[PDB]
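# Structure assessment
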Protein chains: 2
Amino acid sequence: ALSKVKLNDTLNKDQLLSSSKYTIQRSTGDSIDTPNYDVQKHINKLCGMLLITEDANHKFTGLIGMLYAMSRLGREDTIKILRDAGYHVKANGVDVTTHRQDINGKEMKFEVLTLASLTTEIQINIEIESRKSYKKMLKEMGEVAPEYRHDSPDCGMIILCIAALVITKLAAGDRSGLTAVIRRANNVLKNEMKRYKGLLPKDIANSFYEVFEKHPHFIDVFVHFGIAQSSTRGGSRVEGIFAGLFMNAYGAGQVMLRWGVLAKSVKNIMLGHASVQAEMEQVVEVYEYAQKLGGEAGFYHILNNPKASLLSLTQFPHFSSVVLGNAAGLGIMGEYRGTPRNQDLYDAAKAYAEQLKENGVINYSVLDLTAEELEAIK
Amino acid sequence: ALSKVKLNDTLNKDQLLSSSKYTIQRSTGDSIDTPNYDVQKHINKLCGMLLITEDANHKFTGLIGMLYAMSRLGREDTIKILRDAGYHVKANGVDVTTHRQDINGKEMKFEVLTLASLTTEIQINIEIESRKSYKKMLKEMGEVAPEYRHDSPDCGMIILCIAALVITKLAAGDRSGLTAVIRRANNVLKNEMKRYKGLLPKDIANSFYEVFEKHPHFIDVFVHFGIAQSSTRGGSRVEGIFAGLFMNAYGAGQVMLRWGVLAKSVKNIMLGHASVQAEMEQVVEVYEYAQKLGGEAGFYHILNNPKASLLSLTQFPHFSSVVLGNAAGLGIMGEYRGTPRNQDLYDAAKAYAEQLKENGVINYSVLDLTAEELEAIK
RNA sequence: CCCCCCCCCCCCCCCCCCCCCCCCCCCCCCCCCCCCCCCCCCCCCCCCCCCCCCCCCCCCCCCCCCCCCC
């Protein structure tokens with residue numbers, strides 16, 4: 001039987017990768033500073049002082065944001081995440097210490113954290129700039145409010161909202177989605193931007209891009225923090241904003257699967273072409289693989305998961321061309337810079353998709369109309 | 001019943017080989033230097049110093065790359081791999097030692113590893129050349145960056161990417177795919193080649209070819225390392241590149257199975273010929289055997305697995321000729337130097353495959369079009 | 001190799017209920033006859049017959065696999 005000449009390559013590769021009986025485990029490099037629940041308020045305070053500082057130095061904002069995420073996860077969950085990702089980690093306990101020094105010829109007391117990644121002088125400088133900005137703002141408006149202060153319990157999660165946007169755009173492979181991050185951070189979080197003068201989306205976003213490029217285990221820690229944060233029973237409005245922006249990253253790097261489902265839904269005719277029909281068996285294999293993976297597959301491209309390549313549809317040039325053409329005709333492809341490699345199928349699918357919007361007829365069979373007196377109403 | 005005159009030779013041979021109750025186990029030769037997680041940073045450092053050295057001596061790059069792979073696997077997993085492959089191994093512990101010698105009439109301290117395969121003088125020379133190249137580059141551009149240094153944590157995995165390309169081309173039986181390796185290593189890893197002056201794809205590829213020819217157990221260790229590396233939850237971009245290039249080796253040496261599936265998919269008419277139909281029963285037996293093997297069968301030809309011959313379709317000259325002709329007509333066979341041994345079936349299949357691309361009609365039955373007003377739109 | 005776009009979400013109105021209504025109610029013990037069952041005839045079996053018998057070892061050719069692109 002010719003119908004039995006089949007190779008389930010996608011499923012076979014998944015079975016090969018998921019039944020490995022040997023494991024590697026990597027070295028993160030320097031010791032990882034793992035804060036616990038104890039210093040969560042101090043890290044949030046540090047984030048607030050970074051936010052209330054106009055022209056803030058956001059060189060360490062990504063590092064502090066990851067510290068905040070790790071303190072909300074806790075030491076035990078963070079360490080377990082790092083083992084499960086397959087990393088050798090030398091965990092550093094983070095505790096609060098007091099430092100007295102003479103700036104402006106005066107003895108003043110400073111409360112800092114013992115971090116190998118973030119030096120004490122840097123934390124002192126952050127606090128000093130925050131104090132200068134705070135007193136300037138107090139002079140220029142008289143009295144401060146809970147809105148304008150480092151004590152707000154959402155100061156860390158605003159920074160983590162910027163981080164969530166950067167995560168949504170990480171699948172592009174570089175800092176190319178920075179403009180989209182800045183735009184969406186102006187639309188979302190506009191009241192916050194009016195609130196905090198040091199909330200500079202570009203600087204914070206560049207800091208998070210940099211920290212994710214340096215430490216690829218921070219991407220893992222942040223994704224699992226965002227899954228744990230979105231697994232709560234509730235929260236504040238800023239935490240809801242973060243959860244909404246973090247689910248915006250689901251399926252990032254896999255737009256062609258969604259656009260193929262859309263091309264099927266609008267019943268594009270070019271899906272019936274002979275070459276597309278030749279590829280349908282394997283494209284269906286890919287879709288069954290994706291829906292077998294389930295929810296974990298939505299962050300494969302963010303995380304640089306090795307099995308991300310198994311979700312690709314570009315190995316089906318005709319189907320991919322029809323899908324891209326349907327997206328182009330429906331006016332959703334935008335500035336997507338993936339290119340069709342079958343120009344004729346792309347053009348035909350685009351033409352039909354454009355024809356779809358102009359036309360359109362009601363299908364009365366999908367309802368339960370027993371008696372159709374609608375003909376007389378015409 | 002004439003339909004009961006059948007021999008399931010492929011399944012019977014597989015059952016014979018998989019139910020063996022006696023096992024051989026071989027001798028690897030010299031002692032195998034098995035590094036553990038401890039010296040992973042040192043091996044990665046050695047790889048980085050090899051990469052930053054223009055006109056580098058890549059005679060030992062394959063050996064060092066295998067050392068890096070074995071250190072990411074660890075001593076226990078590497079030793080277990082070597083037992084499971086059926087080898088007597090005398091494992092050598094690898095540890096770091098300090099060596100002081102007088103070069104340029106100065107006492108300087110050198111940090112090396114105790115390897116029976118790689119002598120101390122060789123490691124010292126690698127470090128000395130790296131230092132010369134580093135100072136020359138520093139002079140010619142002023143200040144170095146994390147991009148240009150041995151401390152980058154991906155220096156070993158770039159070398160292992162070259163190794164992955166060599167693995168993809170190992171099924172050709174010799175160093176014939178070296179040009180393809182060099183081309184794909186220029187396309188992929190182009191930013192890295194701009195980054196590292198000692199990244200010479202030809203030299204590294206020849207080193208890995210040589211190490212795989214000398215030690216066939218390194219092929220086993222590397223394949224299982226690449227399966228364990230692709231079984232992680234995530235990583236950096238270079239690790240993702242490695243995983244993508246290592247899945248490029250899946251099914252290597254078995255192109256005719258994939259091309260037969262493709263010939264079935266495009267509905268080549270010559271599959272209905274009388275002789276092809278005579279062979280269909282056994283070719284279907286081969287396909288069921290492949291899909292019963294599953295994912296493990298994708299590396300049978302790389303590994304020189306004995307059961308690789310059971311996946312061959314060349315014992316079916318007419319089916320193979322139709323498959324090769326379909327590939328030739330579709331313009332994918334390229335410079336494949338397997339030859340059809342039924343010229344007429346090859347020519348007929350090629351002619352029909354060429355006819356396929358020019359023609360092509362939409363099959364509206366595969367959609368769910370309840371009402372087809374498309375006839376009026378023509 | 002892969003990837004590449006865009007995108008927070010939400011937003012209205014709204015307590016519920018409201019009546020009437022206990023149920024039941026009569027008549028009526030049941031039974032009632034006739035009838036033991038059985039009953040004859042009949043041992044069973046009965047012949048013939050060992051089985052087997054020829055011819056015949058089997059085998060015999062050819063053939064590693066792979067090879068592209070990504």
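Residues numbered from 1 in each chain as written, not as in the entry; some residues may be left out. Chains lettered and ligands numbered in written order. Part of a larger assembly, values for the part shown. Heavy atoms only, no water.

For this entry, the PDB record names cryo-EM as the structure determination method and reports a resolution of 2.9 Å.

Within chain A, the regular secondary structure consists of 16 helices and six strands. Along the three orthogonal principal directions, the C-alpha set of chain A runs to about 85 × 65 × 40 Å. Expressed as a percentage of its 378 residues, the buried residues of chain A come to 47%. Counting contacts in chain A only where the partners sit at least 6 residues apart, residues at least 24 apart contribute 74% of the total. Counting only carbon and sulfur atoms, one obtains 50% of the accessible surface of chain A, whose full area is about 18700 Å². Charged side chains of chain A number 44 positive and 43 negative; the gap between the two group centres comes to 3 Å. (Helix = DSSP H or I, 4+ residues; strand = E, 2+ residues; numbered from the N terminus. Buried < 20%, exposed > 50% of the residue type's maximum accessible area, 1.4 Å probe, protein only. Contact = heavy atoms within 4.5 Å. Areas by Shrake-Rupley, 256 points an atom, 1.4 Å probe, with all protein chains shown as cover. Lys, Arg positive; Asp, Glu negative; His and termini not counted. Charge placed at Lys NZ, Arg CZ, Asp CG, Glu CD.)

Before going further, it helps to spend a moment on the pattern of salt bridges. All chains considered together, the criterion is met by 26 salt bridges over all chains. Where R26(A) meets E239(B), a salt bridge forms, and the shortest distance between an N and an O atom there is 2.4 Å. Highlighted residues: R26(A) in strand β1 (residues 26–27) and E239(B) in helix α11 (residues 237–246), drawn from two different chains. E239(B) gets classed as buried once you look at its relative accessible area, which sits at 12%. Each member of the salt-bridge network shares a partner with another, and the members are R26(A), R72(B) and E239(B). (Salt bridge = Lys/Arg side-chain N within 4 Å of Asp/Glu carboxyl O.)

With 56 residues of chain B at the contact, the number on the chain A side is 49 residues. Here chain B packs against chain A, burying approximately 4900 Å² in sum over the two surfaces, 60% of which is carbon and sulfur. There are four salt bridges connecting chain B and chain A. When the shortest N-O distance is used, the salt bridge between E288(B) and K4(A) registers 2.8 Å. On the surface where chain B and chain A come into contact, there are 19 residue pairs in polar contact. Those elements that place two or more of their residues in the side of chain B that touches chain A are α2 (40–51), α3 (61–73), α4 (75–84), α10 (216–229), α11, α12 (255–265), α13 (274–293) and α16 (374–377) of chain B. Here the residues of the side of chain B that touches chain A are counted per class, giving 26 nonpolar, 17 polar and 13 charged. (Buried area = accessible area lost by both parts, 1.4 Å probe. Polar contact = N/O pair within 3.5 Å; in protein donor to acceptor, adjacent residues only side chain to side chain. Nonpolar A, V, L, I, M, F, W, Y, C, P; charged D, E, K, R; others polar.)

Turning our attention to the environment of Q25(A). With respect to the helices and strands, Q25(A) occurs in the loop between α1 (9–18) and β1. Between the alpha carbons of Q25(A) and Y87(A) there is a distance of 5.3 Å; along the sequence they are 62 residues apart. A distance of 3.1 Å separates the side chain of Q25(A) from the side chain of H88(A), its partner in a polar contact. One polar contact links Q25(A) to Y37(B), side chain to side chain, over a distance of 3.4 Å.

Further remarks concern the protein's contact with RNA strand C. For RNA strand C, the set of nearby residues contains 52 residues, the closest of which are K169(A), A171(A), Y336(A), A171(B) and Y336(B). Those atoms of RNA strand C that come within 4 Å of the protein belong to sugar or phosphate at a rate of 67%. Interatomic distance of 3.4 Å between a side-chain N/O atom of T314(A) and a phosphate oxygen of RNA strand C. Within the side chain of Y336(A), a nitrogen or oxygen atom sits 2.6 Å from a phosphate oxygen of RNA strand C. Contributions of two or more residues to the surface near RNA strand C are made by α7 (178–187), α11 (237–246) and α12 (255–265) of chain A together with α7 (178–187), α11 and α12 of chain B. (Near = heavy atom within 4 Å.)

Before going further, it helps to examine the side chain of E279(B). All names here are of chain B. Note on placement: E279 falls in helix α13. For the buried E279, which has no salt bridge, the nearest side chain bearing the opposite charge is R341, at an N-O separation of 9.1 Å. Reaching out from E279, the side chain makes a polar contact with the backbone nitrogen of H318 at a distance of 3.4 Å. Other than its neighbours up to four places away in sequence, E279 contacts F316, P317, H318 and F319.

The topology assignment puts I24(A) in the loop between α1 and β1. Residue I24(A) is classed as buried on the basis of its relative accessible area of 6%. Residues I24(A) and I167(A) lie 143 residues apart in sequence; the distance between their C-alpha atoms is 26 Å. Sequence-distant contacts of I24(A), defined by excluding residues within four places in its chain, comprise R72(B), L73(B), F225(B), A228(B), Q229(B) and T232(B).

As a further point, take the relation of the copies chain B and chain A. Each copy superposes on the other: chain B lies on chain A with an RMSD of 0.0 Å after a rotation of 36 degrees and an axial shift of 0.0 Å. Comparing interface residues between copies, only 5% of those in chain B also sit at the interface in chain A, which points to a heterologous contact through distinct surfaces. (Least-squares fit on C-alpha atoms.)

The end-to-end C-alpha distance of α2(B), which contains 12 residues, comes to 16 Å, matching closely the 16 Å that a straight helix rising 1.5 Å per residue would cover. With respect to burial, α2(B) is a largely interior element, 10 of its 12 residues being buried. Against the buried residues of α2(B) lie β1 of chain A together with α3, β5 (96–103), β6 (106–113), α5 (120–141) and α6 (155–168) of chain B. (Expected span 1.5 Å × (residues − 1).)

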